[PDB]
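Atom set for the values below is all heavy atoms of this structure, side chains included, hydrogens, waters and symmetry mates excluded. This chain uses plain numbering: 1 for the first residue, then up along the sequence.
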Amino acid sequence: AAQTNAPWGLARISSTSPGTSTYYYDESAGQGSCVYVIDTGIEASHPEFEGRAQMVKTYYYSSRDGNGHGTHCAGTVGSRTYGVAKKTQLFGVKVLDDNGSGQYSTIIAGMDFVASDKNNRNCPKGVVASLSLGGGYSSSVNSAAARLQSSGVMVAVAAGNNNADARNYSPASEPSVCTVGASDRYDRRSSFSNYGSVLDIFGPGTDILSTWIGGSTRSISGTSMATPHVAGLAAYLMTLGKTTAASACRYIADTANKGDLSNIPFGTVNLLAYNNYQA
Ligand SMILES: [Ca+2]
């Protein structure tokens with residue numbers, strides 16, 4: 001399949017080179033996989049989701065995304081126009097309030113929720129979780145992300161936006177999950193992206209067009225936007241049978257575009273997520 005005039009980040013994850021605008025992907029498109037978006041919620045009724053999105057848990061008075069961030073992330077995972085895995089099922093877990101913040105105890109509860117709830121969903125090709133959130137180091141938050149990964153979910157987490165070593169942030173610093181940094185359309189590390197030896201991979205994170213609340217769309221930037229590209233890529237690859245939840249981060253790193261990013265500090269991977277699709 002070929003989607004012309006796609007958002008630059010979609011075009012990038014199916015290209016060996018920057019500067020193209022068509023997204024190429026296998027038509028299976030993540031069908032039979034599931035991605036949990038653990039964030040501010042998802043505006044499920046948005047047509048871009050085509051009935052494939054549903055809120056499954058909230059820790060607040062409503063399950064509505066009153067912020068937009070979670071809807072944007074879900075759109076990069078799996079919206080029809082803006083998504084990597086255009087046929088995946090999307091499950092929203094609202095651990096962040098409408099101001100975009102959440103207590104660590106609530107975030108931990110939401111991770112444990114996903115580890116159990118996947119047994120209530122039909123995801124024959126595999127389960128992914130996209131965590132576009134984080135704060136300072138917490139061994140409890142890292143442990144919860146480790147449990148989620150151990151349960152058989154591919155966990156993708158944002159490196160953080162501090163232009164610093166991700167070792168000091170959670171869940172970014174948990175070794176066993178897939179920690180995602182952000183790049184721009186000219187293959188530079190995004191100025192704000194954290195770095196360090198705990199990073200596994202980079203994805204597109206600067207000026208990312210996706211869905212927003214009120215049935216709308218907008219471009220925004222962050223490692224929060226890079227993470228859902230990797231989560232959607234994992235879902236896509238698991239539907240194709242190329243990898244499993246336990247192996248997907250390593251598979252993505254093995255098949256990544258290698259050595260092509262600029263402003264990568266010494267000791268940080270120079271790997272950019274790539275779907276290796278050959279039509
Ligand atoms: Ca890792």
Side-chain angles (χ1 to χ4, degrees), residues 34-39 57 59 69-70 73 77 91 93 95-96 100-118 126-182 189 192-203 205 222-235 238 243-254 256 265 267-269 271 273:
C34 303
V35 185
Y36 287 82
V37 181
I38 305 177
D39 211 287
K57 181 65 176 179
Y59 296 91
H69 187 265
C73 294
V77 176
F91 298 126
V93 180
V95 297
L96 305 177
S101 66
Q103 292 296 306
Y104 268 165
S105 47
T106 301
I107 292 164
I108 288 166
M111 286 187 264
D112 282 316
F113 168 83
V114 176
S116 178
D117 186 70
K118 67 176 194 291
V127 184
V128 182
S130 194
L131 281 153
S132 290
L133 51 72
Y137 182 88
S138 158
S139 60
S140 295
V141 172
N142 285 5
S143 181
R147 287 192 298 277
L148 180 56
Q149 178 70 53
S150 163
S151 81
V153 175
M154 187 289 177
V155 181
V157 308
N161 307 323
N162 317 96
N163 186 31
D165 199 308
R167 88 207 320 170
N168 279 321
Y169 299 92
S170 290
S173 63
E174 169 47 42
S176 69
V177 302
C178 207
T179 303
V180 184
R189 172 172 63 95
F192 50 78
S193 183
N194 290 344
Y195 53 82
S197 65
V198 73
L199 267 66
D200 295 282
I201 191 67
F202 287 80
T223 61
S224 289
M225 284 65 262
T227 301
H229 283 90
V230 172
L233 177 60
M238 293 156 61
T243 191
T244 68
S247 59
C249 190
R250 277 173 282 178
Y251 181 91
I252 287 167
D254 289 348
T268 296
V269 294
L271 299 171

Enumerate donor-acceptor pairs with a distance under 3.5 Å from any side-chain N or O in residues 107-116 to protein atoms, sequence neighbours excluded.
{"residue": "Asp112", "atom": "OD1", "partner": "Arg147", "partner atom": "NE", "Å": "3.1"}
{"residue": "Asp112", "atom": "OD2", "partner": "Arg147", "partner atom": "NH2", "Å": "2.8"}

**Report entry** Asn161 side chain to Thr223 backbone, donor-acceptor under 3.5 Å
**Finding:**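 A pair under 3.5 Å: yes.
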Query raised in the report: Sub-3.5 Å donor-acceptor pair from the side chain of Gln149 to the main-chain atoms of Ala245, do we have one?
Result: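 At least one qualifying donor-acceptor pair exists.
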Nearest 0.5 Å please: distance from the [atom1] atom of [X] over to the [atom2] atom of [Y].
X      : Y      : atom1 : atom2 : answer
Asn163 : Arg189 : CG    : CZ    : 5.0 Å
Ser173 : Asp165 : OG    : CG    : 9.5 Å
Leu133 : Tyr104 : CG    : OH    : 8.5 Å
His229 : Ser130 : NE2   : OG    : 10.5 Å
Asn194 : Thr268 : CG    : OG1   : 9.5 Å
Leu148 : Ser176 : CG    : OG    : 9.5 Å

Considering all heavy atoms of both residues, which atom of [X] and which atom of [Y] are nearest to each other, and what is their separation?
X      : Y      : value
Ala172 : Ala158 : CB-O, 3.4 Å
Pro171 : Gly134 : CD-CA, 4.1 Å
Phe202 : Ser193 : CE2-OG, 4.0 Å
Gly70  : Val37  : O-CG1, 3.9 Å
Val198 : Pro175 : CG2-CA, 4.4 Å
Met225 : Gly205 : CB-O, 4.1 Å

Requested in this report: Determine whether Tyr251 and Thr244 make a side-chain contact, defined as any pair of heavy atoms from C-beta on separated by less than 4.5 Å.
Outcome: no
Report task. Report yes if the side chains of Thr243 and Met238 come closer than 4.5 Å at any heavy-atom pair, otherwise no. Result ->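 They are in contact (side-chain heavy atoms under 4.5 Å apart), so the answer is yes.
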Report task. Take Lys118 and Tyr36, measure what side-chain contact (heavy atoms from CB on, under 4.5 Å) needs, and give me the verdict at the end. Result -> CA-CA 9 Å; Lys118 67 176 194 291; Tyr36 287 82; 4.0 Å; yes
Report summary line: With sequence neighbours left out, the residues meeting side-chain hydrogen bond (donor to acceptor under 3.5 Å, both in side chains) with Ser132 are none
**Report entry** For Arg250, all residues meeting salt bridge (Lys or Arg N to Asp or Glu O under 4.0 Å), sequence neighbours excluded
**Finding:**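 Scan of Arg250 (salt bridge (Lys or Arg N to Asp or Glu O under 4.0 Å), adjacent residues dropped) gives none.
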**Report entry** Passing candidate, side chain to side chain contact (heavy atoms under 4.5 Å, CB included) with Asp39, options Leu131, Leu96, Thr227
**Finding:**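 When side chain to side chain contact (heavy atoms under 4.5 Å, CB included) is applied between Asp39 and each of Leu131, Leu96, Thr227, only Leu96 qualifies.
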Query - Sole candidate of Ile201, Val157, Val155, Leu199 that passes side chain to side chain contact (heavy atoms under 4.5 Å, CB included) when paired with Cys178 - result: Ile201
